[PDB]
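Two forms of a single protein chain come next, each set out by itself as structure tokens; they are called structure 1 and structure 2.
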Structure 1
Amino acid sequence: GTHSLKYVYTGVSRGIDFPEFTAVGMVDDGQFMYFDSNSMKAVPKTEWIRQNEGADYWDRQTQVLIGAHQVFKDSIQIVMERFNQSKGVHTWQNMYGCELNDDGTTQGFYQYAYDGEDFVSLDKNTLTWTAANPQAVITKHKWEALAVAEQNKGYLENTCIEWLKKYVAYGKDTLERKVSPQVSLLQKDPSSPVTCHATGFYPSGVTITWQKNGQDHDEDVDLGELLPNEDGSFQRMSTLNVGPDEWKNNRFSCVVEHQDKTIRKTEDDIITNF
């Protein structure tokens, strides 16, 4: 399957509720490690990574992330100055990572942002940094003179893929798991709109379609957002908003498609608290 390794760094100059610098690591967008400037320690967040990497791994990861905190602390005082902002709460964000498909092909990105808006981002096809404003052009010129793209690209294509492959091995049972949705048709009261609810699934790709008389029907449909549950799984719902007289004169069904599986619900399935 397709698997990814990503790191997201949240740095904050003048906040209160959170550490100055937070680092989260994810395989398939699921946390497997954490680090922050309060603990100054990088710790495990999944069993497969703790069973499979000893004290030496967590030591050198903490070292690297204390380097990341310092570089952030300096980095944010400059971008404030370039933007003429000597007062306030400001954020510095960094996210990079890997992708490995079935092809054997690979993809990667390396991106920074200031106050929640694109600052610089790597194009490792051309070994150049895309600046999003004048204030970033100063960094583009500096890093391109310094071979930062050379290092970052070596990381994304080799080092991060090597670590990714070990991680899909360590976590092969969880990471390759395929869990079906539990699907229900919901109704608050006999005239209410009707809701197709799908929950408990992984991976996150789901399709929810409504049907009128056996054919797909995209009128009066409100597809809800992809939301997470408390385990690695996700949920999503869709709502058909038609008057139950159109319910009489037609046969509406919900169809949920996930992985190699398909589930179907009709008016006979409607559950309710009423």
Structure 2
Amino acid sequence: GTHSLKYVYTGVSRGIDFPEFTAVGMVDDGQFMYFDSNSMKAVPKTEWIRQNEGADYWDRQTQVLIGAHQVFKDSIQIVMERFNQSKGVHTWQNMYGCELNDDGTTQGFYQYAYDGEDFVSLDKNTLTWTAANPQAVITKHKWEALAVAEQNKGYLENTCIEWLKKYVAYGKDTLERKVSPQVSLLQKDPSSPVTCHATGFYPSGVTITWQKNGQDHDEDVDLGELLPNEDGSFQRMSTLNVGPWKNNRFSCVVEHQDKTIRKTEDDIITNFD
């Protein structure tokens, strides 16, 4: 399947809740690395990175990010001045990463933002930087003269992918796991709406549908948002609000990884009945 490696850096001016610089590394959107300017140490966040990399790897990662912290410190001071906002609490963000497809083909991105809005973005096809506003144009010219786009593209297409392949091997079992949803039909009151709740599944893609008697039914259906669990799994629910349900046989069908689970009215649970 497709896999990705992504880094997200957060720079902050003025405390206290968070340090000046925070970095998080993720494979398939799951954190495997952490760093901040309080501890000045890069640390592992998953078993698979722990068991496959050690002191040398982390010393180097720490060293790179200490530099990142220093650069972010200087960068945010500059952009704040350009917005004449140097007094208040502000933010400087960087996200970049690569994707490796079954294909063998790859994708990559490199972006920066100030106060949560686009500043400069990499176009690795034209090897230029897209400036979102006048404040970013000076940076665009500077970076294009320093060949930053060429270096970034080089990293995204080579270094990033080479390490992603390593990481995928390290955590193959976890990253390629397929966990079916646990499904329940919830109802507060015999007269209340009924919720089809699916949880503990991975990957996050899931489809919840209602049927009446039935071939499927999508009137009076409220599909909720995909939500993250605390353990890296996901959950999602859908609510049915229909008229007195009594004379018609409703059911919930949850599909995940080409497999379906059905729950009927006989399955409905509640507090305290």
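Just so we're on the same page, residue numbers count up from 1 along structure 1's sequence. Between two forms, the rigid core is defined as the largest C-alpha subset superposing within 1.5 Å.
Visitor: With the core superposed, find the residue in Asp56, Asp29, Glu47, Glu219 that moves its CA 2 Å or more between structure 1 and structure 2.
Guide: The answer here is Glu219.
Visitor: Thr10: with the rigid core matched between structure 1 and structure 2, does its Cα shift 2 Å or more?
Guide: No, the C-alpha moves less than 2 Å.
Visitor: Taking the rigid core as the reference frame, tell me whether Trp210 has a CA displacement of 2 angstroms or more between structure 1 and structure 2.
Guide: Yes.
Visitor: Quote the shift of the Cα of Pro193 between structure 1 and structure 2 to one decimal place in Å, the two forms being superposed on the rigid core.
Guide: A shift of 1.1 Å at the C-alpha.
Visitor: Would you look up how far the C-alpha of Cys254 moves between structure 1 and structure 2 when the rigid core is overlaid, in angstrom?
Guide: C-alpha shift for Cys254: 2.0 Å.
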